[PDB]
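In PDB author numbering, the protein residues as written are 16 to 546, 563 to 568, 571 to 597.
In this text, a Cβ means the ideal position worked out from N, Cα and C, and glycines have one as well.
Scroll down for the structure; my scribbles are underneath it.
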Ligand SMILES: Nc1ncnc2c1ncn2[C@@H]1O[C@@H](OP(=O)(O)OCCc2c[nH]c3ccccc23)[C@H](O)[C@H]1O
């Protein structure tokens, strides 16, 4: 098609001209934002070229920018980071001091995100044909918002995007017709949103040509939801009535097109769900599904076998590489094997620099900043920390992502995603690091003072046998008086104290949308460790063989949308 051709040509043009496009993007940023408080701090003297930018503007982490960001949060509306007003903060799933990081954005950034989204289907159509003959079943969700003292909205980037006009009144695309109505996606009640997205997907089962969600965990949560709610769902289809549990009238209305008594379909679906073996169930309920559109690169790799199990070995497409700070780029070959996925950073999105991995763990100098390596000049096989300069006022901002160059498409590098720095445990969007986990152990261990017990040793892993997944922590204890050992009731309170100690995103996954299961402490017999922490990353079976008792957190930890 003509629209696809234009989009592919855009890729070619951006990729052939990577270095000059990068140059222009920076010049635009520096021309517009030249007068900002932050830039004028480093005597840029109006210069809009790479070389003075590199030698004067420090390379920073989130903490470095907090003075400027807090002032904006607290209502200072002057040109501090951007010439344009900061339209809102996009809350990263990555945290600082336990709280989601506030990433500044501006209004026109939405156009760039939309631009990147518009490239995905033209690329996909090359590899998978006939996607216009049907629909996608995607499970997409908004998350809660809050406002900063100065009145700025603070919410996840996906929420900001789903609730924007670029999504709600998105351009028509016959290769991108979703089963889920906007009102389901936009519904603030996760149960109702999931419920109706599933119902619509079941009603339109035969038109379904792909299943998806942003993350692998999201799609698994959907499959588990069906496992747990197919009784009510099938009753609804049979009767052509919508469960009273759906109280949001706007959501009640969006389902009206499909809600028709269909006993045949209700019997087919219950026929499949009542089986105790769910291997391949995806292609029995949705028999025309060609692939699963779900991120399985990075931390989500852990989910590939569970996905293959339910899908019967269907291809997995990882489409996009993006963040709260900046949408990065796309996968020019969506049909490649998960372990061989490369992402091509799109040079129109921001100004991208790279810090060689081997230099990334030593403090950088503010008065003499490193040159870094430009997007066009990275070397195949080398590893880098991603560094960004955005239109919204992030200047030489270290994302924390390690990337490995695997090749080039024209002049644009392609990147294998290695990892987000210092992330030990993750189930869904939660990212828990060594320090948070350590302080979490210390907190729960003090609760053991009611006996003579202390924690001699610990390790962890993210357990994905269960949906939702959960953190498992292995505890070697030291009980001075065997007669006064700690009980199941107390060790459960040790679990909940650990959870209480973890970051906002963890606690939210427990509370808001059921995307993280209860944290589990496994008490190992004395002396187990000797034969390395604080995480396992087989080996767990060896540890499990020595497990005396296992304890699950009994209640939900504290979480509200409000920030500290
Ligand atoms: N394809 C990928 N494979 C491994 N890891 C990936 C990854 N894409 C991102 N990440 C990690 O997520 C980012 O975090 P964040 O919460 O800000 O955004 C949520 C993601 C997000 C927000 N809109 C989107 C639109 C499309 C795809 C992903 C997103 C971190 O940079 C990065 O390490």
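Judged by pairs of C-beta atoms under 8 angstroms, the stretch 85-100 touches the stretch 45-53, as three or more such pairs exist. Remark: C-beta atoms of residue 539 and residue 489 approach each other more closely than 8 angstroms. The Cβ-Cβ distance between residue 105 and residue 175 falls below 8 angstroms.
Apart from the 5 residues on each side of it in sequence, residue 60 has no Cβ closer than 6 angstroms to any other Cβ in its chain. DSSP, read as helix, strand or coil, puts residue 423 in strand.
Cβ-Cβ separation between residue 74 and residue 492: approximately 45 angstroms, too far for a contact (criterion under 8 angstroms). For residue 335, the pairing in a beta bridge is given by DSSP as 345. Within the same chain, and ignoring the five residues on either side of residue 146 in sequence, the residues whose Cβ sits closer than 6 angstroms to its Cβ are 190 and 224.
CA-CA distance, residue 420 to residue 368, rounds to 13 angstroms. Note that the C-beta distance between residue 194 and residue 151 is below 8 angstroms. C-alpha of residue 363 to C-alpha of residue 433: approximately 23 angstroms in a straight line.
At a cut-off of 7 angstroms, the beta-carbon of residue 228 does not count as near ligand 1: no heavy atom of the ligand is closer than that. Not one heavy atom of ligand 1 is found less than 7 angstroms from the C-beta of residue 193.
For the beta strand (DSSP E) assignment, the uninterrupted runs of no fewer than 3 residues enclosed by the stretch 31-115 are, from N- to C-terminal side, 103-111. By a beta-carbon distance limit of 8 angstroms, residue 232 contacts residue 443. Their separation comes to about 4 angstroms.
Spatial neighbours of residue 582 in its own chain (CB-CB distance under 8 angstroms, excluding positions within 5 residues in sequence) are listed in chain order as 503, 506, 537 and 538.
Nearest in C-alpha terms to residue 120, of all of 516, 439, 408 and 462, is 408. Look at residue 310: its beta carbon is less than 7 angstroms from one of the heavy atoms in ligand 1. Looking at the DSSP output, residue 312 sits in no beta bridge, so it has no partner there. Excluding sequence positions up to five before and after residue 38, its CB lies within less than 7 angstroms of the CB of 65, all in the same chain and listed in chain order. Secondary structure at residue 464: helix, using DSSP grouped into helix, strand and coil. Secondary structure at residue 213: helix, using DSSP grouped into helix, strand and coil. In the displayed model, residue 260 falls within coil according to three-state DSSP, outside both helix and strand. The closest heavy atom of ligand 1 lies less than 7 angstroms from the beta carbon of residue 432. Counting only residues of its own chain and dropping the five nearest sequence neighbours on each side, residue 597 has a CB closer than 7 angstroms to the CB of 114. Of the candidates 405, 285, 417 and 218, 285 places its Cα closest to the Cα of residue 243. Rounded to whole angstroms, residue 456 and residue 476 show a C-alpha spacing of 14 angstroms. Membership of residue 248 in the alpha helix (DSSP H) is indicated by the continuous run 231-254.
In its chain, beyond the 5 residues on either side, 30 and 31 have a beta carbon closer than 6 angstroms to the beta carbon of residue 425.
In the three-state reduction of the DSSP assignment, residue 365 falls in the coil class, being assigned neither a helical nor a strand state. Under DSSP, the beta-bridge partners assigned to residue 469 are 493. Residue 414 has its CB nearer than 7 angstroms to a heavy atom of ligand 1. Secondary structure of residue 389 (DSSP, three-state): strand. Taking all protein chains in view, the Cβ of residue 292 is surrounded by fewer than 16 other Cβ atoms within 10 Å, so the residue is classified as exposed.
The residue from 216, 528, 534 and 529 with its alpha-carbon nearest to that of residue 517 is 534.
In terms of Cβ geometry, residue 402 and residue 387 form a close pair [threshold 8 angstroms].
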